[PDB]
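To start, the structure itself, in structure tokens.
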RNA sequence: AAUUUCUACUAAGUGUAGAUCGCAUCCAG
DNA sequence: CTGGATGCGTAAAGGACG
DNA sequence: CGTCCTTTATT
Ligand SMILES: [Mg+2]
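Below is the structure:
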């Protein structure tokens, strides 16, 4: 009984193995003399070119077929599409109609005579040259005759367009699922908005745009859709909506603009047309220090056009008073928070002064319709914002001082940069070497980018009642010039942040269009590439075109050394292969196949479905079984051993046995003397398939991919991992010069970087070079493998994880959470919620031999954040930090995998589509998304390198506890062993009681502060404890639906940390507050006395004292020692929860700090969901919904503690 | 600071530890 | 540019060409 | 013929 070991051999998946290919002997010499690499480097260039010309014809072919087309179902479909109350049968109707619509478009394409030619040899030899009218381009296409097969891959990518399936890549799908669906929505909107378009306004568009061949109304009748299948039609349709610009240049207004005026001017909100997407084929970064520099000077010198539009926006905003403050608007969003702060000094005072009208009891259904109508508003006028501005304070004047301040900042930064704009300037050093220069370009770009990103607030997305077009005329003119800095900012950053070496490579073919197609022994002379072994070394051996068969003559050499030559036999895809061979002109003539059998095949009775006869299919199988035996190229390759034919449920049952039997990999001896001569003579080329684990100097643990690669040829690997074909060989030209490499000169000591390494220094007898691998041309070889090609353990992984979980008695849960002090914190939990382990992942501990050496990745991040502060916020340090986090998580994966294996444990992770990230946490959402993706990926085939490959857990019996990754949005609910959970109420919650603080203690009014103090059942001093007790029933406060217990007794126990920061003893600070106002707190219930008091500074000291008692988390920033979590509520046994009582302990039973509490409670939510699985019938486990609500959660946390 | 590649390294001396699905294509803001 | 999605990860029939 | 490039078959 293990959950894990039920999950081996579940599904098949592809991986690519990558290797340096090192030439051997004369190989590189012979390759240089024959000038082969040049030919390839050119070919790749020319190939990209021809693909574009090919596309040109493809694009012409598509318009021909789309123009012609006339869709049949249309009206009928649109109508059913529109029905808002469809019986399920009617939704199936609607699908069949949508399928038929797509099949119409597909059949329109594939039914040409022209179609089969597009992806055959013919398109390059004859069609494209006739089509083209340039002599150069025709020469390019001509260069590829006898090399058509190299286009197959591209051909497959273009085929996806002509599909009828509902797939992103399809033309049908783009027409029927995306563009038709929009057209229909626009019809809907049109009949609502039809009348407002002025009689005159419409006739404009029919002449200026439509050219008087169709009426504007035509474009909103269903039956007229066919017109907008083509990119041309779409260009028209979108022009009607967006507006056009004629040959003359006269602006012509579009329907969507007219609507904008009407809804603006009458303070209304009618809807607007969506434009149609483009059709599927219709129509880069900076490459050198000089090009980057040149752009910086040309777009941003003092007489560039962007600088001109700054000078104009200075004059416009200097004249801010001269304009109407009721027709100037500020878009709603982040810019409202910012501009609120800029002029009041307060983020949420502008929030308040429209809360001043809207604002007293708060049911959350009224609080959402509160908080939502809020978000509905589009913008605010300078008049409305002055309606909020207390008298004596001019909103327009202080805005003028802020905007004008930002342009003086730009001009000041221009004078510090002036020498970069001299026509006389030349660059001393490379930019990545020249920090001075880049920081000069950054500083200017920033100040321009902040001015730009600030000013952008003055839009209002309007859609806006009468706008000061005297202001927006000059503003829009000049802002559209200013927004060009955006592109220029990105591309110049992306450049400085790039690496100094390039990975640019190109594909080698060795003059063979199907080069290295597959490893099959028979196809070995066609592909001209095979694999050799000698001892622990593996080589790629490539026959030269003029000596294809040169390896076929070589015999085993008894006396001398021998190579091992691979002997590989694959039957690829019996469902594809078995028919082609046995119904081929060649074989069909040899083997009379009865009219039954060809009927069965032509008819399709063997294929499951309604046409299926188990007997017909059974007869086809014995046809295939005899032919295979009459076909000795298979029957003698694979010792075939089929199941008795009566036992097959379907054809796929037989095929699956062929597929698994039809793979064999062995080795043959081949004379090492004879093969080496071939290489010298230039008849064979030889590369060692190499990575660092094959070095004579390597010791200790190989890369996982080395192990996979070796296991391919191991006799304990029985198909678990197949060597696939379609490997590629590439040359990556060097991108660095040895002389310009950083060298650590031999025999001088080098300073070690890791503070936790005892050894502070290493001295080597040899030189070591930074980025050495890129100072040299490198061959790289990519080998695709096939894991679990024939899976036996077929079941839906999640349903199986739910069954095992339900019937598992003590299910363990690894909870992972992101901390502020801790990059990641781990809490392992048992089936009853006892903390088994709990620790931080700030330090990664690497083990080699019996030694351990830890690397504190929290120290590393802290030092790279300091280095970010020094040198402003340099572009690169941001990247270094991004990459460092990116590598951190790949250490963490290993640890999580260990925990899974050790505890047979499910994983509880944060759902990143629902929750809200606090940004106190170091590992931002983006990086964590990457981590959850990596985790899914590893667990498709989770292996322990250090295990025996044949053991479960090993490289041949990898655990498959995760379904193949799809999309970030799909990282929700559950994926096998990984459960995604909302982080709500996982941190700030008493792990000992389930208590959370559902009170709002923000002070507003003296009256509000009274109703609060009266809503408590009791407020008293307790002398025998020296504590103030605040008994409540959450019934009496608003927004407390989620709590389950409801009646709590708060105490002012222990201290808190107010936020600079002061420690506050709670008990004595209440005494202090009450004594300040002559309140006798010892007199039983005190609630009347506090409400008797009439001083507002009493209530705000009290609400602040309530805030502190309910702030369970207390933290001092920079002080990693002080992250304590302390409860105001007593548990079953009348003890308060204080986290520090457990951080002390070595094996604690409750969370040791705030971060620990986070992880713990995320793992408990999974425990709740396992609770649900145990409540459900086995058959209905699929149906159980995992998403735990706040209401369900608080119930679980408040009842499970006991 | 060496790498199929990436991060962290120097890990006891040309390397250590973990990770590592390639290639092509299309579509989106 | 980076996530979304597509597809290939093949031996053997078949043909052009000298 | 041979040899090299192209095309084929799909649960
Ligand atoms: Mg290693």
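In the deposited numbering, the protein residues as written are 1 to 283, 292 to 367, 375 to 1074, 1085 to 1227.
Just so it is clear, CB atoms sit at the ideal spot from N, CA and C, and this is done for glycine as well.
Check your understanding: Going by the beta-carbon positions, is the gap between residue 209 and residue 244 smaller than 8 Å?
Key -> yes
Check your understanding: According to the neighbour-count rule (16 or more other Cβ atoms, all chains shown, within 10 Å of its Cβ), is residue 559 buried or exposed?
Key -> buried
**Study point:** Euclidean distance between Cα positions of residue 749 and residue 789
**Key:** 5 Å
Exercise for review: Would you mind working out which of 912, 387 and 112 sits nearest residue 66, comparing C-alpha positions?
Suggested key: 112
Exercise for review: Just confirm the distance between the C-beta atoms of residue 377 and residue 503, as a whole number of angstroms; I'd bet it's less than 8 Å.
Suggested key: Not confirmed; about 48 Å, so no contact.
Review point. Between which two residues does the beta strand (DSSP E) containing residue 733 stretch?
Key: That residue, residue 733, is in no beta strand (DSSP E); it is neither H nor E in DSSP.
Check your understanding: What three-state label does DSSP hand residue 16 in the structure shown?
Key -> strand
Exercise for review: Starting from the N-terminal side, write out each stretch of the beta strand (DSSP E) that is 3 residues or longer and does not extend beyond the segment 968-1054.
Suggested key: 993-996, 1033-1037 and 1042-1048
Review point. In whole angstroms, what is the alpha-carbon distance linking residue 703 and residue 548?
Key: 9 Å
Review point. Which residues share a DSSP beta bridge with residue 1149?
Key: 1139
**Study point:** Of the residues 1189, 607 and 1200, the one placed nearest residue 1225, counting alpha carbons only
**Key:** 1189
Point to revise | residue 700 Cβ short of 7 Å to ligand 3 heavy atom set | key: Among the ligands in the structure shown, ligand 3 does not appear; only ligand 1 can be found there.
Review point. In the segment 795-842, which residue ranges form an unbroken beta strand (DSSP E) of at least 3 residues, counting only runs that do not cross its ends?
Key: 828-832
Check your understanding: In angstroms, rounded to a whole number, what distance separates the CA positions of residue 673 and residue 646?
Key -> 14 Å
Exercise for review: Using 10 angstroms around the beta-carbon of residue 817, count the other beta-carbons present and answer buried if the total reaches 16, otherwise exposed.
Suggested key: buried
Review point. For residue 690, which three-state DSSP category applies?
Key: helix
**Study point:** Candidates 325, 785 and 462, of which the one nearest residue 491 by Cα
**Key:** 325
Check your understanding: Closer than 7 Å: is that where the CB of residue 895 sits relative to any heavy atom of ligand 1?
Key -> no
**Study point:** residue 965 and residue 731 closer than 8 Å at C-beta
**Key:** yes
**Study point:** Cβ distance (whole Å) where residue 576 is taken to contact residue 687 below 8 Å
**Key:** 4 Å
Exercise for review: Look up residue 232 in the DSSP assignment and say whether it is helix, strand or coil.
Suggested key: helix
Practice item. Could you tell me whether the segment 1021-1038 touches the segment 1116-1125, using the rule of 3 or more Cβ pairs below 8 Å? Key: yes
Check your understanding: Who are the near neighbours of residue 803 in its chain, counting only those whose CB is closer than 6 Å to its CB and skipping five residues on each side?
Key -> 9 and 12
Review point. Nearest to residue 539 by CA position, among 582, 1128, 769 and 36, is which residue?
Key: 582
Exercise for review: Could you tell me which residues DSSP puts in a beta bridge with residue 680?
Suggested key: 583
Exercise for review: Spatial neighbours of residue 1062 within its chain, please: CB distance less than 6 Å, with the 5 preceding and 5 following residues excluded, ordered by chain position.
Suggested key: 1048
Review point. For residue 381, is the classification buried or exposed, using 16 other Cβ atoms within 10 angstroms of its Cβ as the cut-off for buried?
Key: exposed
Check your understanding: With distances taken from CA atoms, which of 436, 529, 255 and 2 is nearest residue 307?
Key -> 436
Exercise for review: Count the CB pairs spanning the segment 333-345 and the segment 463-482 that are closer than 8 Å, and state whether there are at least three.
Suggested key: yes
Review point. Do the CB positions of residue 824 and residue 848 come within less than 8 Å of each other?
Key: no
Exercise for review: Helix, strand or coil for residue 184, going by three-state DSSP, please let me know.
Suggested key: helix
Check your understanding: Would you call the CB atoms of residue 1102 and residue 1043 closer than 8 Å?
Key -> no
Review point. Whose C-beta lies closer than 8 Å to the C-beta of residue 223 among residues of the same chain, with five residues either side of it excluded?
Key: 74 and 75
Exercise for review: Going by DSSP, name the residue or residues bridged to residue 1089.
Suggested key: 1071
Exercise for review: Starting from the N-terminal side, write out each stretch of the beta strand (DSSP E) that is 3 residues or longer and does not extend beyond the segment 476-554.
Suggested key: 520-522 and 544-549
Point to revise | Where the beta strand (DSSP E) through residue 42 begins and ends | key: No beta strand (DSSP E) contains residue 42, which is instead part of the alpha helix (DSSP H) from 36-68.
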